[PDB]
Amino acid sequence: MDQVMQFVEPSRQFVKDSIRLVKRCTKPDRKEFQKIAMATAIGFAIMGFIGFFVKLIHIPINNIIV
Amino acid sequence: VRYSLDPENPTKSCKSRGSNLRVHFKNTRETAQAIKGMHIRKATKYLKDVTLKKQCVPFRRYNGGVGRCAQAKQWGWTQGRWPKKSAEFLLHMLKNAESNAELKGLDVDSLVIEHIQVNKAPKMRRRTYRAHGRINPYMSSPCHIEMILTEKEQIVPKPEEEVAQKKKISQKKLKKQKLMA
Amino acid sequence: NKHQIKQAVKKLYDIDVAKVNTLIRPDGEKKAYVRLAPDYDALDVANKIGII
Amino acid sequence: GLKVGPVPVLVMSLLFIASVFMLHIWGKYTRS
Amino acid sequence: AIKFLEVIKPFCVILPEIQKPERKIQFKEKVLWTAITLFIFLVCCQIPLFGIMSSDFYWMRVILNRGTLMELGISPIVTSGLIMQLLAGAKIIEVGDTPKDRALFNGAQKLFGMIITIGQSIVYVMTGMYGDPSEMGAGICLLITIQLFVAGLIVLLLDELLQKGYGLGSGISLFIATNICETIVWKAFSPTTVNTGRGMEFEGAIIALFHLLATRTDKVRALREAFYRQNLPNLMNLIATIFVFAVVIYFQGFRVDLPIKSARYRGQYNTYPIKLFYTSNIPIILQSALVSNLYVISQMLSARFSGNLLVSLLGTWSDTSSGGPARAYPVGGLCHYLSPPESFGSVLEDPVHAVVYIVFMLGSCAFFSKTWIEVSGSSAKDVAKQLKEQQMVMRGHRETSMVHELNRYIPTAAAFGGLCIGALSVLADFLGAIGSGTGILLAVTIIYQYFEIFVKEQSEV
Amino acid sequence: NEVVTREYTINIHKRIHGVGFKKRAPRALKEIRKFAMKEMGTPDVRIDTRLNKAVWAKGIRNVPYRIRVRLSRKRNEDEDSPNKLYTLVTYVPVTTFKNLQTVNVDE
Amino acid sequence: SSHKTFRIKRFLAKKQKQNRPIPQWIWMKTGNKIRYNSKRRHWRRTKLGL
Amino acid sequence: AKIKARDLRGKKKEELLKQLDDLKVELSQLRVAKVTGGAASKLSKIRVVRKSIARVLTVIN
Amino acid sequence: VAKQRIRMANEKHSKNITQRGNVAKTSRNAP
Ligand SMILES: [Mg+2]
Ligand SMILES: [Mg+2]
Ligand SMILES: [Mg+2]
Ligand SMILES: [Mg+2]
């Protein structure tokens with residue numbers, strides 16, 4: 001079946017490549033996964049809060065200006 | 001680093017030196033004595049003639065077996081030769097010295113070769129094979145060179161055909177810079 | 001030997017082997033050219049092993 | 001090419017930041 | 001070539017540049033440069049522009065990046081950056097391969113960013129996004145240009161200083177990450193309040209909980225109101241963002257580690273990483289463009305040719321005036337099939353359409369990722385040339401056989417990498433997580449670099 | 001008139017007289033290159049490979065006595081090169097050498 | 001020769017592996033004195049004798 | 001989860017043979033990793049797994 | 001492949017004498 005396999009085979013093989021690439025991928029391990037998780041949270045808290053305060057502080061100053 | 005002599009006015013002098021250079025010591029000592037006291041533009045012009053065999057280096061001390069030529073009469077001497085590697089090596093040292101003068105903001109057109117000294121460097125060992133299963137030394141005779149340039153009141157601007165030349169680009173220098181970058 | 005290599009390959013990776021060719025390298029190591037049965041894909045098996 | 005120092009950025013930007021204030025403060029307190 | 005470098009040459013010869021740090025700077029000093037840098041930028045955002053008079057709204061100019069000194073954001077400087085490596089990748093511009101020319105090449109990039117800013121600031125003044133010039137006068141228009149323009153130069157100049165070793169990493173990435181972060185934090189703890197007929201209601205999702213968990217007598221009622229608003233953010237939205245954050249973190253570590261070594265020196269083994277998100281957030285941006293302007297064309301086309309089945313089948317359109325701007329809605333046809341579902345109930349009530357859009361979104365993201373690599377010069381051949389230029393090689397391989405080894409993963413990482421990028425965005429939006437994958441991926445990746453930098457210097461810091 | 005072309009007959013017989021067999025043809029090329037510099041004053045002299053083939057057409061020792069050449073002084077497109085001009089020496093096949101003068105060629 | 005005994009082909013293999021330069025991190029070792037592999041051999045300059 | 005000889009003293013023979021086999025499978029994977037570009041962590045694990053193999057065989061003998 | 005191309009390509013190379021310093025890297029410019 002030309003027109004079937006002419007599009008089925010590539011898509012079917014595309015899954016083959018995708019599965020194969022996932023097996024070869026170095027996946028993060030639970031201890032590595034945990035190390036970053038706590039890292040990102042702290043880093044997230046830093047930047048957001050620093051920005052959160054600055055946005056707050058100019059609120060009254062914005063009121064004075066407008 | 002210490003030089004054999006000291007500049008009289010260090011604020012008006014530039015230095016250059018090189019060590020373990022693989023150019024014959026004897027040819028180079030003679031070549032340097034020729035340009036001692038020369039103005040840099042004259043000195044640079046002279047060494048290019050030696051390469052083209054239009055001016056000779058008189059061999060005054062190390063003259064054993066050296067042939068005679070009509071250009072040695074310019075020096076009140078019968079024996080002269082045209083050591084090409086000695087001239088080329090000194091043209092590189094002069095070029096380095098001239099750049100040192102620029103780095104110090106000196107008038108390069110007033111520089112004179114005030115001091116220049118050629119020293120024997122440690123000798124490099126090879127061997128030659130002789131009759132009857134004998135081996136003999138085959139020694140290179142490298143030299144150390146050091147030159148001090150000083151400003152004088154005579155000015156020689158650089159040749160027109162020399163200042164108009166392109167700043168040659170070296171592909172191999174570009175490669176290494178890119179790799180470092 | 002070849003029989004040992006063939007049996008080790010099958011047990012370790014649960015594949016079938018057609019034949020084994022062997023040479024001893026100039027550095028002293030022994031290299032084994034293991035060919036798999038036609039119903040096996042060495043390219044797929046390599047991904048299982050981690051080679052590719 | 002023109003070169004610049006790091007602090008000159010901070011100083012020049014700060015003066016600009018100060019200059020922005022004058023726009024809001026003077027532009028209003030003269031017209032309020 | 002000649003009329004490209006020679007044109008640029010004189011302009012950069014005059015343009016400014018920051019000096020290097022001669023000897024390596026200490027880490028705690030780097031932080032202090034970074035700390036000052038982020039503070040300055042934040043101030044510029046909170047500052048509303050001076051002179052915006054007619055239309056875009058004083059309240060909006062008080063509250064909101066809209067209307068600030070950062071109206072254009074970093075898009076102008078970013079736009080040049082993508083434009084630059086696009087043309088270099090596209091072969092449109094001959095690469096001036098020398099370090100100083102390459103610095104000059106970067107100089108042209110800075111010029112383009114400044115050019116775009118004036119071009120964008122001038123355009124927005126013409127379009128009237130701050131009012132008509134005949135009303136504001138040119139002098140007010142000129143002030144608008146200067147404020148936006150100078151900000152770009154300062155923002156442009158600040159980022160480089162951090163890049164040049166005075167600080168940490170890149171200021172643009174720091175700012176973009178922080179804005180994403182402040183956006184989620186703001187929605188999490190904003191004390192601002194909105195007057196529902198029932199009274200003022202806090203924007204801060206976490207604030208609203210206790211504010212509503214204390215006020216309402218029936219805590220069963222507050223168990224829903226704060227978490228399932230539609231005109232206000234919900235703690236469920238914060239909940240998904242947390243879940244999406246964990247997912248993105250897990251998939252950040254995916255990569256194929258290829259062993260490479262220096263061709264000149266023994267040992268010294270290093271790894272070349274092929275990140276799963278090979279093409280970054282570019283594929284979705286390209287995916288957004290085709291979605292956005294396909295609607296624009298299909299809307300205009302049907303208006304003048306509504307009688308054609310060639311256009312009606314392509315899409316039936318409607319102008320949905322739901323308060324804000326009239327939101328274009330694909331009534332039916334292809335465009336509706338190429339549009340997202342808006343609610344959970346809609347998704348399950350029309351499963352077939354959900355499948356189609358989900359599938360299309362993935363297919364689009366994968367394709368744009370695959371095609372992007374060839375355009376961007378990140379394919380196997382390009383990567384091999386980078387390694388060859390850097391004197392790196394695979395152990396046991398020839399220079400020509402490196403390309404084959406990279407082709408095992410690069411084309412597949414592109415398609416599978418793009419597909420995952422789109423897929424993650426769909427789930428994030430289906431969960432209404434704040435900022436979707438694009439923001440979360442950037443923020444998660446960016447904090448990792450600074451995290452990694454800190455760890456190295458944590459050795460003694 | 002930097003870009004000029006003339007046609008010459010080079011009496012190779014008197015140029016290589018007395019030269020050893022294994023050096024006869026090589027010295028014809030050296031004398032052709034020396035001749036071109038004299039007539040045009042350009043150290044950058046380029047000898048066409050067809051003229052090289054004509055000088056060697058009879059071997060290393062039995063070199064042709066006379067040879068009709070053409071010299072064209074052209075501008076060196078290589079700005080890097082220290083020589084603005086250069087001479088190109090091409091070959092002119094002739095049936096006879098009798099009464100052949102030095103002739104200006106107009107292009 | 002091509003005709004080789006296992007014992008000879010194994011002796012030659014060990015002589016092949018010892019013919020390499022020292023690792024460059026050996027230089028930074030605390031009490032290091034070695035500057036280079038002084039036991040390098042060349043197939044042409046000096047012969048294995050077996 | 002490191003292997004210490006004290007933990008292994010009272011176990012049955014077949015239980016230690018199973019534990020041995022898991023380590024041997026682990027080492028073989030690491031040796032594949034050693035040539036496919038495994039991280040420095042996997043390379044450092046080789047010596048840890050090798051001495052764990054020795055510990056089990058020691059307690060069995 | 002025609003053997004006459006050896007001659008035609010050989011003669012073309014000889015013409016590089018007049019274009020020293022600017023010789024074409026590839027005469028099959030397309031592609
Ligand atoms: Mg004598
Ligand atoms: Mg004698
Ligand atoms: Mg003998
Ligand atoms: Mg021998």
# chains A, B, ... in the order shown; residues from 1 in each chain; ligands from 1
$ residues_around --residues "residue 86 in chain B" --least-positions-apart "6" --cutoff "12 Å" --atoms "only C-alpha atoms" --output "list in words"
residues 21, 22, 23, 24, 25, 26, 27, 28, 29, 30, 31, 32, 33, 34, 35, 47, 48, 50, 51, 57, 92, 93, 118, 142, 143 and 145 of chain B
$ residues_near_ligand --ligand "ligand 4" --cutoff "12 Å" --atoms "only C-alpha atoms and all ligand atoms" --output "number ranges by chain"
G: 42-49
$ write_last_selection --atoms "C-alpha atoms" --output "PDB file, in the first residue's frame"
ATOM      1  CA  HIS G  42      61.753   4.411  18.847  1.00  0.00           C
ATOM      2  CA  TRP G  43      61.497   1.433  16.513  1.00  0.00           C
ATOM      3  CA  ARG G  44      64.400   2.754  14.448  1.00  0.00           C
ATOM      4  CA  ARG G  45      66.832   4.273  16.960  1.00  0.00           C
ATOM      5  CA  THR G  46      66.948   1.367  19.433  1.00  0.00           C
ATOM      6  CA  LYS G  47      65.833  -2.231  18.994  1.00  0.00           C
ATOM      7  CA  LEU G  48      63.869  -4.395  21.408  1.00  0.00           C
ATOM      8  CA  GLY G  49      66.344  -7.244  21.017  1.00  0.00           C
TER       9      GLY G  49
END
$ residues_around --residues "residue 77 in chain F" --least-positions-apart "3" --cutoff "9 Å" --atoms "only C-alpha atoms" --output "ChimeraX atom specification"
/F:74,80-81,84-85 /I:19-22
$ residues_near_ligand --ligand "ligand 2" --cutoff "10 Å" --atoms "only C-alpha atoms and all ligand atoms" --output "ChimeraX atom specification"
/B:65-67
$ write_last_selection --atoms "C-alpha atoms" --output "CSV table (one decimal), in the first residue's frame"
chain,number,residue,atom,x,y,z
B,65,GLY,CA,88.8,32.0,3.8
B,66,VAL,CA,86.2,34.6,3.1
B,67,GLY,CA,86.3,35.8,-0.5
$ interface_residues --of "chain E" --to "chain H" --cutoff "9 Å" --atoms "only C-alpha atoms" --output "VMD selection string"
chain E and resid 257 to 260 269 to 271
$ select_by_dssp --residues "chain I" --states "alpha helix (DSSP H)" --output "PyMOL selection string"
chain I and resi 4-14
$ residues_near_ligand --ligand "ligand 3" --cutoff "10 Å" --atoms "only C-alpha atoms and all ligand atoms" --output "list in words"
residues 129, 130, 131, 132, 133 and 134 of chain B
$ residues_around --residues "residue 3 in chain H" --least-positions-apart "5" --cutoff "12 Å" --atoms "only C-alpha atoms" --output "list in words"
residues 8, 9, 16, 19, 20, 23, 48, 49, 50, 51, 52, 53, 54, 55, 56, 57 and 59 of chain H
$ interface_residues --of "chain D" --to "chain E" --cutoff "6 Å" --atoms "only C-alpha atoms" --output "MDAnalysis selection string"
chainID D and resid 1:5
$ decode --residues "range 251-270 of chain E" --atoms "N, CA and C atoms" --output "mmCIF file, in the first residue's frame"
data_model
loop_
_atom_site.group_PDB
_atom_site.id
_atom_site.type_symbol
_atom_site.label_atom_id
_atom_site.label_comp_id
_atom_site.auth_asym_id
_atom_site.auth_seq_id
_atom_site.Cartn_x
_atom_site.Cartn_y
_atom_site.Cartn_z
ATOM 1 N N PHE E 251 12.292 17.986 33.172
ATOM 2 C CA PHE E 251 12.679 17.896 31.771
ATOM 3 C C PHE E 251 13.802 18.851 31.401
ATOM 4 N N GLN E 252 14.215 19.726 32.317
ATOM 5 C CA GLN E 252 15.392 20.547 32.066
ATOM 6 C C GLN E 252 16.660 19.706 32.023
ATOM 7 N N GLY E 253 16.705 18.619 32.790
ATOM 8 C CA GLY E 253 17.891 17.785 32.848
ATOM 9 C C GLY E 253 18.076 16.846 31.680
ATOM 10 N N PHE E 254 17.079 16.721 30.809
ATOM 11 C CA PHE E 254 17.189 15.811 29.680
ATOM 12 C C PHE E 254 18.190 16.346 28.668
ATOM 13 N N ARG E 255 19.104 15.485 28.236
ATOM 14 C CA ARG E 255 20.076 15.841 27.214
ATOM 15 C C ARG E 255 20.818 14.583 26.801
ATOM 16 N N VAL E 256 21.412 14.631 25.617
ATOM 17 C CA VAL E 256 22.275 13.565 25.127
ATOM 18 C C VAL E 256 23.710 14.049 25.254
ATOM 19 N N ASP E 257 24.507 13.333 26.040
ATOM 20 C CA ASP E 257 25.884 13.712 26.330
ATOM 21 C C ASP E 257 26.813 12.931 25.411
ATOM 22 N N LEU E 258 27.392 13.615 24.424
ATOM 23 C CA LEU E 258 28.304 12.953 23.499
ATOM 24 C C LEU E 258 29.738 13.139 23.958
ATOM 25 N N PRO E 259 30.559 12.089 23.982
ATOM 26 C CA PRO E 259 31.946 12.252 24.429
ATOM 27 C C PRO E 259 32.811 12.863 23.337
ATOM 28 N N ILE E 260 33.471 13.971 23.667
ATOM 29 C CA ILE E 260 34.415 14.623 22.774
ATOM 30 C C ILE E 260 35.691 14.905 23.550
ATOM 31 N N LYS E 261 36.772 15.125 22.810
ATOM 32 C CA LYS E 261 38.067 15.390 23.411
ATOM 33 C C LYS E 261 38.845 16.320 22.498
ATOM 34 N N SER E 262 39.830 16.999 23.075
ATOM 35 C CA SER E 262 40.682 17.876 22.287
ATOM 36 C C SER E 262 41.580 17.043 21.386
ATOM 37 N N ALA E 263 41.648 17.422 20.113
ATOM 38 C CA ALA E 263 42.465 16.673 19.168
ATOM 39 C C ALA E 263 43.948 16.813 19.473
ATOM 40 N N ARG E 264 44.329 17.836 20.236
ATOM 41 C CA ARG E 264 45.735 18.141 20.463
ATOM 42 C C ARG E 264 46.299 17.480 21.712
ATOM 43 N N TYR E 265 45.493 17.301 22.752
ATOM 44 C CA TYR E 265 45.986 16.856 24.046
ATOM 45 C C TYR E 265 45.309 15.560 24.469
ATOM 46 N N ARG E 266 46.071 14.702 25.139
ATOM 47 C CA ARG E 266 45.536 13.450 25.643
ATOM 48 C C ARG E 266 44.562 13.712 26.785
ATOM 49 N N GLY E 267 43.761 12.698 27.097
ATOM 50 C CA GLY E 267 42.784 12.851 28.160
ATOM 51 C C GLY E 267 41.901 14.050 27.895
ATOM 52 N N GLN E 268 41.701 14.872 28.926
ATOM 53 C CA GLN E 268 40.952 16.121 28.792
ATOM 54 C C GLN E 268 39.574 15.870 28.192
ATOM 55 N N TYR E 269 38.922 14.804 28.639
ATOM 56 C CA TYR E 269 37.660 14.413 28.032
ATOM 57 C C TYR E 269 36.541 15.348 28.467
ATOM 58 N N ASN E 270 35.755 15.800 27.496
ATOM 59 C CA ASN E 270 34.638 16.696 27.729
ATOM 60 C C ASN E 270 33.419 16.167 26.987
#
